[PDB]
Structures are given as structure tokens and as C-alpha cells.
Amino acid sequence: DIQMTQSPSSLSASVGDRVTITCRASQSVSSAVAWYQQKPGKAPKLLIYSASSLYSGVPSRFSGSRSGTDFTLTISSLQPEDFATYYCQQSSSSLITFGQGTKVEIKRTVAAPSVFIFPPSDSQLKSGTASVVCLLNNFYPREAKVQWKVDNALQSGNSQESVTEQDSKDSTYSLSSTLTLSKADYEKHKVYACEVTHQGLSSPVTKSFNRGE
Amino acid sequence: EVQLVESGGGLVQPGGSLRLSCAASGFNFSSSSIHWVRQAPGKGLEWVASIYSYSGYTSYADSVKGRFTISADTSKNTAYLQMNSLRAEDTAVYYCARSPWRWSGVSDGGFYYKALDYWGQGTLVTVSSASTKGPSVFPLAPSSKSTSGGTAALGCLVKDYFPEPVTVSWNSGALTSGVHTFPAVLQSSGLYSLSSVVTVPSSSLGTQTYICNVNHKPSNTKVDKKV
Amino acid sequence: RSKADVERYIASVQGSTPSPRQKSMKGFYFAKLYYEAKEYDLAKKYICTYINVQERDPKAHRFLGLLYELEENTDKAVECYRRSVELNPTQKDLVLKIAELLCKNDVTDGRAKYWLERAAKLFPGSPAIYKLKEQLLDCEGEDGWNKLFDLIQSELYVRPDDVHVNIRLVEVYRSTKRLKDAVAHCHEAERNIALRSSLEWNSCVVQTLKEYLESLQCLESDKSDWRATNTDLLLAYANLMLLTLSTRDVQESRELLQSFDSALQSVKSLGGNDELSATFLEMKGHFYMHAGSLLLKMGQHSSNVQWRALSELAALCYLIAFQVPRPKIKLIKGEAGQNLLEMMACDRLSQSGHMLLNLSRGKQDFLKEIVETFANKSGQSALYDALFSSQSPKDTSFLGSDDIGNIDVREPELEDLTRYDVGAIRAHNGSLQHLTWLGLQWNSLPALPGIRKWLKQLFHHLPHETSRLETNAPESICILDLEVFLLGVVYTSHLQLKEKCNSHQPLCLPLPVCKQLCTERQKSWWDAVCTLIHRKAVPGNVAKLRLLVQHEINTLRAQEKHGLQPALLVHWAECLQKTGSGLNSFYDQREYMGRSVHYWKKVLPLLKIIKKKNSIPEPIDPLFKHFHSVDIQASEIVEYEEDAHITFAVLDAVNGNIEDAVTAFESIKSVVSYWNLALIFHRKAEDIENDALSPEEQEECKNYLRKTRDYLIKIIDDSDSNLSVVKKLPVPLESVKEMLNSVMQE
């Protein structure tokens, strides 16, 4: 099977930059590749067809090119409206495959996340479950790592998290981490700590609470 | 004047069946090749089906081969994606799109399409044996006494609901700025859960009554919760 | 000998031994001469009757087996040999035959093995014995049978319209003797519009169904779905009858009628009020219609005395068919099934309708006489006589027992006929043969068919006119192009047949009997564009189909090197003007009027050269055959220039050049120009007539409404006086009067 490997997975740039995204075809493929722009939630739109031909109506700053089995999308001068995800697509014999996609995030200066931990509510304990919440607010860049400590004991496989898309005003992200297990196990430990590591933090920082405060 | 409309989506139980309808208008449906492209939440584009322009030979991805069936009707000027043996993995936003005969070339060993010009709005299909359910709201108030100087953080936990979407507002839309409502996550049980939070001046804490207003329309649920 | 020599001997021994027993005991010696006169559907029934009284004759039984061998009915031929062998063991050669045939048809049953063992001991180590030993071995194993099935299914996935492949599936089902699956697919496939039109498929359908009826599996399973399959047999018979009449010769068609009539008699007894009963209703009509068509085929070749008598007889048949009411559509289980049944109903009324007319146009109230003379039961025996041989039992023949009660004897109404045609366009998969016939049938009538509505029923959502008219790429095909195409095909077809009969009525031929009425070029184009639009082409052949259409586009649009005689262009122009001039909407008016102006603008240069009696440059392999029969003459030039100038003015009016349109319209005192002048004067008045506005303007507005009234009155005054003007009306006379009533009450 033919595979289109897209690189990079996530890109960060600012306005006016000359940006480049590349896709490699595993097998030798003919010039039947396309490029698409998909803004969050909306439908994908066609940018380039037949490798280097521009789709009618697309701005002239977009241009496609090929070298061997590597196809490349090129934007001469990035604009604010082009900060979206892109995909490359090959059409081989009775088969179509897409690249993993490339997100174009707006670049800005670093910001340190202001973290606040929250305990499970009285109402939730009534139901029989216990969820701990750890906020990471208005930081940059997207990359970060959070770890959970129950009485200074690592936990994995029982918590999950989700991250907001780059905010429009300050271009910062936010993350919500949820550590979910039964009330029975929650009443078995006293100390709870949420640690955060981030390029913006001078050193890793942690906040914690004790059941009963 | 030219558009594609997707219909026939909605939720279904695993192992069930659905049928999507891609209604076309403005271009000769005979000379256009029809495709379907799904996208799970936060995931990329996956090609699932295609129909050669002037004849209609099918071609499917191995992830759905034999289960789905795509068809085209000249009289009704509409294409469809029949889906059988639906699995939880098939939960995704399904788009359709065309490729004219100008871009449809047939070659030894299979055919190729140069690109997808016209795309649809995209109809949602959710596949999960979890039954509809309203959200349970648990408050998340600040155990802080002016921790971050003049501003504190409060929030609400919307949990144990199905299916997406849930909508949240604060003080019925009075507290608009500073709010950040996070996407939901599929708990292994089958129900989704998210959090909504806002940063407010600590000096105003206790003076301005803070209430989150959640509305889960699929289950006709409305809940206001103070923090 | 001949047919007369053998059928005259019927009266020879009939006058010597008239009792039924001796009449049937002569069947073998009757059948003795039909086998020599090449009559096998007849000889079969003669010997079979002698077998009904002399059931123990080994000679007669073998003779029928030898006759079923010529018919290639293996199951029937073998059984006949069996009876002759069990009666007389000394017939060794028949023991070989049975073993020879059992091993050739199917080896799965051990019966073929048994008879081969006996055949060996009767002919020790003969050359044929080993030959049969190798034949028996040939058949594949269980894994082999399953292997073939997968090929057909995988082949049927991408090629569901292939006649041969679907046939093989029924034969494979029949080879494993799972006939229920054979009919099941046979039933689900009678919904396919393409397969329903295939002669060889329907033939297989008749057999696989009959085989199941007699099959042990049909009785054991249940008697509930028995009715369902029985309907399809009748349906198959109807389709099969339509096709056999057109392609096959006189003899084969008549033989199929007997199977049809046998089925009808066997079905009528059950009755009821479900799909089968409704099916029996509609199929009953088809029987007579085709029977009438069958009658006319024989008479065409025959003398004049038989022609009139046969046409008289056929006229009654079509009449019986037309009378039959629209079948109860609601009573069917599904939408596909019911829609199909109605489609056939429309086909019956349409085909029989036009025939009824063309035969009635010969004389005055010719229809009335047909009923008053042959509606008598005497006609029922005269009909059975001409169609069939009287020897067959007249009791189990549906034809002889039908209750011909209160024949409507009412000629058809044109308006009803149009909606029958339009509903039956999809009856024969829109073969250009089908449409070219209808188009010709309306060529003799005073009302014209809704061709544009035909095309809308076939190619749905095909725009009336394509935006990208600049190129001839066949993605820009439009309903106008097709409408323009069919017009030429019929205008061409009419002239070709006109030339034929001149060397030797042309309207009177029924649809099956007549041969291809269009040029293979035209037919190839229509079949291509049809397969293309409906999306039943082939990825490989796409480029070829696509180019085949493109080749002719430049002609349908009167572009570079158009093979168009000036008369055909003129015919296109006026036929589109008047077609468009009667339309209500502006989009369609504009489109049809535009094209009409286009063709006009292409002709006028030709007419001017013809106006001075010069020569037109004849074409190179034209798409639409030229004819000197309709070559334009100077006597008609000034008319076309005038009639064209109208088409110019009309389009000018539709575009907005009212000043120039009126100036032209007023220049010519024509009936059509009144309806246009009035219609546009009425609009200028109606809009301004009631809003608050300058009083002086209001009086001017009223003044236009006064002109409208006058022009409509000139139409009716000139209309009632002369008939030729009534035909020139761009809309119906009653429509003109309708507006006037509202105009004056305003």
C-alpha cells in the first residue's frame, strides 16, 4: 500500500513568513497529488491540483512543487487567514490517501501557565466518584506535560486531559487535566499534587491540596 | 448556485446501519465522480469511498470494505453512502465531494482523481451504544483567598452526558470574557465530560453571584449551578 | 409437399372417421407428415394426442422423444425414450441414447451412471462407450462448482446489466438444482430495466419459472409465494412477446402466443384481489395488443383480401386492449413493482392507441363497423382460426373463452394519448426505435407530442440549455440538443420511408414489425449519450463514448460543417419557435426562441442563394440524409423570411427591444403577432393599472388595455371565419378567449 507521510505535524510561524510543508510518497507516484486547507470544523478546500497547478480562485501566494517522491506546498508570504490545518492527498490506482495533516499555529512569545488545582465537589462524592481538576491557563507553546501524584505516588492510565485551540486575543492555549477514580480510593489518600513542566516555567512547579484542607 | 448537501446522519447503535444522502445541484451529476471523506474528532481526513464519473465503479478503503456501499442515482441527482455493521470507530464527520471527468483519469490497474473541488457541509454520524443522557453539573469554586493577586478562577464540571453537544454560558451570558470551555472527552463508560472555567477578580468574589448555565438539547435538559 | 398439402389432409380423414378416438389414433400418422413439412410445434401436438389414446406404443413415444431432441429439451426427450424403452427392451440404441443424453446434460445424479452401465453391457466396449465414460468424468467437484459461482457473482457485481452473465447464474443455480434461488434472483432481476428488454434473458426467465412450477421443490416448500413467482412468468411472457415479434419470423412469434394463451387460461381460475390478479388484468390487454400486432405482420406480406380482413381482426384486438382499465396500482406490495406495472399500462394504451387511430383514419367511423360485425362471438372463432391451428383444444385456450362484453367502440382522445406516451417513454429503455416510432405516429395527427417532456422523463435534471455553449465537449449536452436531434431523426426517418413506399401504409405499421427506422449512426449516438447520462458506461470506453457524442454536436448546433439540409434547419427553427411561443415561463421562452433565431440566422444565407435559383453545396457524409423531396423552392422563400422575421421580433421582445419588436410585428399582419402584441400590451397595462400614480399616466395605461382587447378580438374574428388561421394560433383558441374574458372584466 502507498503511504503519504506529511511533515511537520505541527508548525509555528508568524505573518509574512515563507512557510513550507512536505509529503513523501512511499512508492514512486505520478503527479496526481493535491493539497487542501481545512479550517477548524469547516469543510476542506482545494488549494493545488495535479501537483503544481493552482485551483481557480486560490491566492497566488500558494504554489506546489515536486522533487523525486517528495511533494511540497509553498506559501510565499503567510497571511493571517492562512493559519489553519493543511493536508496532502495522493490518488493512486483506485485508492486515495491523505497525509496526517499540518497545523499552522501563530507564533508568539512564551507565557507561563497559571495553574490552579480543584478538588472533587461534595455533590460528586454523593454520586460515588471523585474527579480532580488541574488548570493550565493562557500559556504558549502547545507542548506541555502534566503528572499526577497521590501521596507523592505517580499515577497513569486513569486520568485524561484536553487542550483549547490557540486563543484569538493573546494566542495562548489552555489545558484541563482530569484524574478520575472512585470515592473509595479518593478517601484512601490525603495528599494530592499536580506537577507541570513547560518551557515557560523556570523550573517545574506543583500545586496540591489535602482532603479536608 | 452550486452546492452539496449532506443528510441522513445522526446517531446509531454499534452493529446498526445508517444511510447518508449527498444532494447535488448545479453541475451535471453524470459527469462527476462522487467521494466520501470522514473525519473523527480531532483527527485527519480519511477517504472511505469513490464513484467513477460516468459509470460508477466502486472503490473503498480497507477500513470499511464490504460494510459500506456508495451509490449514485441519475433520476434523483443524488449520491448516498449506505453503512452497515457500524462500529464505534466509524464515529466521524462524513463529507462528500465531486471530481469532474476533466479530473477523472482511468489507468491500468485502477483510476485516479486529480482533486476534490466541491465539498459539502458535512453531516455528523455518532456510533456508540451509550444511550442519551443529561449532564450532571458539579461546581468547581476557588479554594483560594486572593492567591493570584486580584484574580481568582472558578468553573463547572459537566459530566455523564450523551451525546455531544453541550453548551455553556455564565450568568446567562453576562460574564462573557475570561471564559474557556474545554472540549469533551469520551469516558470509557460511553458518556462525555468537559469543564468550563472563568477567571474573575478575587475582590469581586462573593459579591457578584456566579452561575454557569448548561443546556443539553439532545436530552431536553437545562441546569443552572452557582459556585 | 407444403402447408396446404398436409392441412388439407385433415379434412380427408376427418370425413372418413369422425369419432374422437379414431381422430386421435390418426395423430401419429398425422404427425408423420408434419415432421416432414418442418412443423415441430404442430407435429408435437399431433403425436401427443395419439399418445393420449395409444399410450403403449413404443414407436410413437420414441418419435416424440426424437422430436423433443430436435427441440433440445433434454428433460422431455429423455423421458420419452424411457417410455419406449420400458415398453420394448429390444431398443438397444435407445439405451445408448438415454445414457448418452444423461451424461451430456448433468452427471450429479447417479441415474446417468446407471444407464451408462447398461449401455456398456448392450454394446461391449464399443467406441461410444468410452466416449461416454470420459464425458461423465468431465464434470467438476464441489470445490469446482463453488469456484465458478464466485466468478459469476464477482463478475455480476461490476457488470449487473450483462445478459449472458446473469443467465449463467440461473444456469448455475439450476445445475445445483436450487431452483428457488434461481427464481429468487430471476424475480429480483425483473426489476432491472435493461434485463427486462433482453430477448434471451426473458426466454431463460420463462424456462426457469416453468421448471420451478413443475419442480418438486415448489410444492413441498409452501403454496404462499406460489402466486408471486407466477406473476413474473406472465410479465416475462409480455416482454418476451414484444421482442420476439420484432426480431423473429412469423412462425416463432405465433408459437409464443400459444404459450402465452396457455398461461392465461391456467391463471384466470385463481383470481383474487392481489398483485397477481392485477397483473393478470394488465397482461390480458398486452395479449390482444401483441396478438393484433402479430395479425398485422402476417397480412403485410399477404394479399389485399387477407390484409383488410386481418386488419379488421387486428383493429378489434387493439380495441380490446385499449378498453382494459388501468391496473390497480395501489394493490402491489412495493413502489418499484407498482411503478413498473403502470409503466406497462401506459405502453399498452399508447401503442394500441395510435394503431387504433391509424387503422380508423382509413375510413369514416371504421371502428364502429369493426365492433358491430366482429364483436359477435362469431369473431371469437374467426380470431382463433386465423391465429392458431384449429386442431388445438379450444377449451383451455384463453382466447376462445374470454367474455367480450360491451366493447367501448370509442376512438381515443389525443390528450389522453399524450399522457400515455409520456408515461411510457421508459417502457423500452428509451430506444431511439421507440421514440422515432412515436414521433412518426404523431406526424399524422393534428396535435403534436410533448417531446421536451419526454426528455425530462428520461434525463432528469438535464438543463434546457447549457451555459458553456462555446465548445462541443459532450459535458455540455442539453435537452434542446436532444429535442433538436429527435426532430431530425423523425424528419429524416419519415422521408426515408416515404422514398421506400414510392418505389413499392407507412403510418400503419406497428412498432415491433417495423425495422430500424433510424440510421445506425443516429442510433449509436443516442445509445452512447444515454449510457453516458444514466451513468451506465464503462471506465475504459468512457473516452470513446465521449468522443462519439462530441462528433455530432457540431451538427446539432449548426456549427462548422453541419450536415443539415436547409429544409431541416427551417423545420427546426419554426418547430422551436412555436414550441417555445406556447410556453409560460420566460427562461424556456428565451431558450427555445434563442435556438430558433440561431438556426434562422444560419438558414437565411442559404435561402438567399436559393432565392436566385443557385445550387447549394451538398454535404460530406451528412448526419441527416439530404432529400430533393423537400428541397426548398422559391415559392416558399418569402414566407420563411417573413416567418423568420417574426422569430426575430419575438426574441427582441423577450430581450427588451420592445420598440423594435413592435415596429416589426406591426409591419406584418399575422395572427401570431396579435397574440404577442396583445400579451405585451396587457402586461404594460396590468402593472400600472391600480397603483397610485399620475392620472395622465393612468389614462395612458388604460389605453394599452384597450389595445389588448382589440387584438384578441381580431384573433377570434379571423379565427372563427377560417380554419387555416385556427391552426396558426400559437396557443389554443379557447386560451385566447379565456384571457379576453378577464381582460374586459378588468
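Method of determination, as annotated in the archive: X-ray crystallography, at 6.7300 Å resolution.

Asks: What is the right way to look at the overall build of chain A in this model?
Replies: Within chain A one finds 2 helices and 19 strands. Computed over its C-alpha atoms, the radius of gyration of chain A comes to 23 Å, more than 25% above the 17 Å expected for a compact globule of 213 residues. Along the first, second and third principal axes, the C-alpha set of chain A runs to 65 × 40 × 30 Å. Burial status across chain A gives 47% buried among its 213 residues. Contacts in chain A between residues far apart in sequence, at least 24 positions, make up 58% of those at least 6 positions apart.

Asks: Whenever I open this one, the environment of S203 of chain C confuses me. Can you help?
Replies: Residues and elements named next belong to chain C. By the element assignment, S203 lies in helix α14 (residues 199-214). For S203, a relative accessible area of 31% puts it in the partly exposed group. Along the chain, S203 and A291 lie 88 residues apart, while their C-alpha atoms are 19 Å from each other.

Asks: What exactly am I supposed to notice about helix α12 (residues 179-189) of chain C here?
Replies: Residues spaced three or four apart along an α-helix point in a common direction, a consequence of the helix completing one turn every 3.6 residues. Residues and elements named next belong to chain C. The set of residues buried in α12 consists of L179, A182, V183, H185, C186 and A189. Down the axis of α12, the buried set is contained in an arc of 160°. They therefore lie on one face. The secondary structure elements touched by the buried residues of α12 are α10 (142-158), α11 (163-175), α13 (193-196), α14, α15 (216-221) and α16 (226-247).

Asks: Explanation requested: the state of the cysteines in the structure shown.
Replies: One way to say it: the disulfide is the covalent bond shared by the sulfur atoms of two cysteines. All chains considered together, the criterion is met by 4 disulfides over all chains. Residue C23 of chain A pairs covalently with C88 of chain A via a disulfide, S to S 2.0 Å. With the S-S bond torsion at -85°, the cross-link from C23 of chain A to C88 of chain A turns out left-handed. Placement of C23 of chain A in strand β3 (residues 19-25) and of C88 of chain A in strand β9 (residues 85-92) is noted, with a sequence separation of 65 residues between them. Exposure remark for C88 of chain A: the relative accessible area of 0% places this residue in the buried category. Put simply, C22 of chain B and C96 of chain B are joined by a disulfide, and their sulfur atoms are 2.0 Å apart. Taking the sign of the S-S torsion, 85° for the link of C22 of chain B and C96 of chain B, the bridge is right-handed. With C22 of chain B in strand β3 (residues 18-25) and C96 of chain B in strand β9 (residues 92-100), the pair connects residues that are 74 residues apart, well separated along the chain. Each of the two residues, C22 of chain B as well as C96 of chain B, counts as buried. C80 of chain C takes part in no disulfide bond, and the closest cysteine sulfur, belonging to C48 of chain C, lies 8.5 Å away. Free of any disulfide, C575 of chain C has its nearest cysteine sulfur in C478 of chain C, 15 Å distant.

Asks: Honestly, the domain arrangement of chain A in this entry has me stumped. Any pointers?
Replies: It is common to give the size of an interface as the accessible area that goes away when the parts come together. Residues and elements named next belong to chain A. Partitioning chain A into structural domains gives domain 1 (5-108) and domain 2 (109-213). Computed from C-alpha atoms alone, the centre-to-centre distance between domain 1 and domain 2 is 36 Å. Contacts between domain 1 and domain 2 engage 6 residues on the former and 10 residues on the latter. Of all residues in domain 1, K103, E105 and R108 bury the most surface against domain 2, accounting for 80% of the area lost on that side.

Asks: What am I meant to see in the interface of chain C and chain B here?
Replies: Counting from both sides, the interface comprises 18 residues of chain C and, opposite them, 23 residues of chain B. Contact with chain B buries area across many residues of chain C, yet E475, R535 and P539 of chain C alone supply 43% of it, more than any other trio. Among the ionic pairs, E475 of chain C bridges to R102 of chain B, the shortest N-O distance being 3.3 Å. Here chain C is connected to chain B by 10 residue pairs in polar contact. Those elements that provide at least two residues to the side of chain C that touches chain B are α10, α28 (520-533) and α29 (542-556) of chain C. Broken down by element, the residue count for the side of chain C that touches chain B peaks at 3 residues, all from α28 of chain C. A per-class count over the side of chain C that touches chain B returns 9 nonpolar, 4 polar and 5 charged.

Asks: Honestly, the packing of aromatic side chains in this entry has me stumped. Any pointers?
Replies: How two aromatic rings sit relative to each other is set out by the distance from centre to centre and by the angle between their planes. All names here are of chain C. Following the criterion strictly, the structure yields 38 aromatic pairs over all chains and no others. Through a chain of ring-to-ring contacts, three or more aromatic side chains come together here, namely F459, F485, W525, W526, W572, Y599 and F624. It is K32 that lies over the ring of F28; its NZ or CZ is 5.1 Å from the centre.

Asks: So what exactly am I meant to see when it comes to a negative patch on the surface here?
Replies: All names here are of chain C. A surface patch of like charges, here negative, comprises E71, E72, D249 and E255. Position of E255 relative to the elements: it lies in helix α17 (residues 250-268). Since its relative accessible area comes to 31%, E255 is described here as partly exposed.

Asks: Explain the domain arrangement of chain C to me, please; I cannot follow it from the model alone.
Replies: All names here are of chain C. Here chain C is partitioned into domain 1 (3-142), domain 2 (254-412) and domain 3 (669-746). A C-alpha centroid distance of 36 Å is found between domain 1 and domain 2. The junction of domain 1 with domain 2 conceals about 490 Å² of combined surface from both sides, 51% of it contributed by carbon and sulfur atoms. Among the residues domain 1 hides against domain 2, the three largest losses belong to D41, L42 and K45. Together they make up 62% of the total. Connecting domain 1 to domain 2 are 0 salt bridges. Our count for the contact surface shared by domain 1 and domain 2 stands at 0 residue pairs in polar contact. Element by element, the count of residues in the side of domain 1 that touches domain 2 is highest for helix α4 (residues 40-53), at 4 residues.

Asks: How should the sheet that holds strand β16 (residues 159-163) of chain A be read in this particular structure?
Replies: Two modes of strand pairing occur in sheets, parallel and antiparallel, and in both the strands are linked by backbone hydrogen bonds. Residues and elements named next belong to chain A. If you walk across this open sheet you meet the 4 strands as β12-β13-β17-β16, and the pairing is antiparallel. In this open sheet, the two edge strands, each paired with only one partner strand, are β12 (114-118) and β16. Sheet twist, expressed as the mean angle between neighbouring strand axes with direction ignored, is 15°.

Asks: Is there a simple way to explain the sheet that holds strand β8 (residues 70-75) of chain A in this structure?
Replies: All names here are of chain A. Reading across from one edge, β1-β3-β8-β7 is the order of the 4 strands in this open sheet, with antiparallel pairing throughout. Edge positions in the sheet fall to β1 (4-7) and β7 (62-67), since each of these pairs with one other strand and no more. Recorded for the sheet is a direction-independent mean angle of 20° between the axes of neighbouring strands. The pairing of β1 with β3 spans 4 bridges and is classified as antiparallel. Considered in β3, the bridge of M4 is made with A25.

Asks: Please explain helix α6 (residues 74-87) of chain C as it appears in this structure.
Replies: Residue and element names in this part refer to chain C. Helix length check: α6, at 14 residues, gives a terminal C-alpha distance of 20 Å against a target of 20 Å (1.5 Å per residue), a fit within 8%. Within the sequence span of α6, burial applies to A77, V78, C80, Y81, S84 and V85. Down the axis of α6, the buried side of the element spans an arc of 160°, and every buried residue falls inside it.

Asks: Sorry if this is basic, but what is going on with the nonpolar core here?
Replies: Across soluble globular proteins, nonpolar side chains have a tendency to be buried as a group. By size, the foremost hydrophobic cluster in this structure holds 222 residues, and its most contacted members are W525, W526 and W572 of chain C. At 11 residues, the largest contribution of residues to this core is made by helix α19 (residues 304-323) of chain C. Those residues within four positions of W526 of chain C in sequence are excluded, and the remaining contacts are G430, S431, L432, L435, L455, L458, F459, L482, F485 and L486 of chain C. Counting 26 residues, the second-largest nonpolar core is a separate cluster that includes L20, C22, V64 and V125 of chain B.

Asks: Teacher, can you tell me more about unusual backbone geometry here?
Replies: Negative phi values dominate among residues other than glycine, just as trans dominates among peptide bonds. A cis amide bond, omega 0°, links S7 of chain A with the succeeding residue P8 of chain A. The topology assignment puts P8 of chain A in the loop between β1 and β2 (10-13). Note the cis peptide between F162 of chain B and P163 of chain B, where omega equals -5°. The phi dihedral of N77 of chain B falls on the positive side, at around 50°, and the residue is not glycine. With a phi close to 65°, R535 of chain C is a non-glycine residue in the positive phi region. For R535 of chain C, the location among the structural elements is in the loop between α28 and α29. Residue class for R535 of chain C comes out buried when judged on its relative accessible area of 8%.

Asks: What am I meant to see in the pairing of β7 of chain A here?
Replies: Look at any regular strand and the pattern is simple: side chains alternate between the two faces of the sheet. Residues and elements named next belong to chain A. Two strands pair when backbone bridges link them, and β7 and β8 are joined in this way by 6 bridges, in the antiparallel orientation. Paired with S65 across the bridge in β8 is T72. Joining the antiparallel neighbours β7 and β8 is a turn of 2 residues, in which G68 adopts a positive phi near 65°.

Asks: Which parts of the structure should I look at to understand the arrangement of the chains?
Replies: Most contacts, among the 2 pairs of chains that meet, fall between chains A and B. Spatially, chain A and chain C are disjoint, and the shortest separation between their C-alpha atoms is 12 Å.

Asks: For this particular structure, what's the right way to read a nonpolar patch on the surface?
Replies: Residue and element names in this part refer to chain C. Taken together, the side chains of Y35, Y40, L66 and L70 make up a nonpolar region of the molecular surface, amounting to roughly 340 Å² of accessible area. Here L66 lies in helix α5 (residues 58-70). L66 gets classed as partly exposed once you look at its relative accessible area, which sits at 33%.

About the criteria used
- Each chain carries its own residue count, running from 1 in the order of its written sequence; this scheme can depart from the entry numbering, and residues that have no coordinates do not appear.
- Numbering of ligands from 1 and lettering of chains from A proceed in the order in which they are written.
- For side-chain calculations, the full set of non-hydrogen atoms in the structure is used, while hydrogens and water are omitted.
- The helix and strand labels rest on DSSP assignments: H or I over at least four residues marks a helix, E over at least two residues marks a strand, and numbering proceeds from the N terminus.
- With C-alpha atoms as the basis for the radius of gyration, the globule rule is written as 2.2 Å multiplied by the number of residues raised to the power 0.38.
- In this scheme, a residue with accessible area under 20% of its type's maximum is buried, one over 50% is exposed, and one in between is partly exposed, where area comes from a 1.4 Å probe on protein chains only.
- Any two residues having at least one pair of non-hydrogen atoms within 4.5 Å are treated as being in contact.
- Comment: arc refers to directions from the helix axis out to C-beta atoms.
- Any two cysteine sulfur atoms within 2.5 Å of one another count as a disulfide.
- Per the annotation, domain bounds derive from an automatic or database assignment of domains.
- Joining two parts hides part of their accessible area as seen by a 1.4 Å probe, and the buried area is that hidden amount summed over both.
- The term salt bridge refers to a pairing of a side-chain nitrogen on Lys or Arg with a carboxyl oxygen on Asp or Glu at a separation within 4 Å.
- Counted as a polar contact is a pair of N or O atoms within 3.5 Å, where, for protein atoms, one must be capable of donating a hydrogen and the other of accepting one, and residues adjacent in sequence contribute only when both atoms are in side chains.
- Throughout this entry, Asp, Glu, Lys and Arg are counted as charged residues, while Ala, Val, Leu, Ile, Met, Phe, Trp, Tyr, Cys and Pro are counted as nonpolar. The remaining residues, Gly among them, count as polar.
- Think of it this way: a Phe, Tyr or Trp ring, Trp meaning its six-membered ring, pairs with another when their centres are within 6.5 Å, and the plane angle makes it stacked under 30 degrees, edge-to-face over 60, tilted otherwise.
- Cation placement over rings: the criterion is NZ of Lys or CZ of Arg within 6 Å of the ring centroid and within 35° of the ring normal.
- Patch criteria: residues need more than 30% relative accessible area and no salt bridge. Like-charged residues are merged within 9 Å; nonpolar side chains of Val, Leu, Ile, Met, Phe, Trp and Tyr are merged within 5 Å.
- In these tables, accessible area is a Shrake-Rupley quantity obtained with a 1.4 Å probe, and a residue counts as shielded only by the protein chains included in the view.
- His is not counted, nor are the chain ends; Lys and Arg add positive charge and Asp and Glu add negative charge.
- Charge positions come from single atoms, namely NZ of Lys, CZ of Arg, CG of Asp or CD of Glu.
- Pairs of strands are assigned from DSSP output, requiring at least two bridges between the strands.
- Simply put, an axis is a line fit to the C-alpha atoms, just over the touching stretch for a helix, and the angle between two N-to-C directions goes from 0 to 180 degrees.
- To estimate how far a helix should extend, the number of its residues minus one is multiplied by 1.5 Å.
- For the purposes of this section, nonpolar cores are sets of buried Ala, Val, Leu, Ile, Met, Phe, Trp, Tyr and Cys residues that join through side-chain atoms within 4.5 Å.

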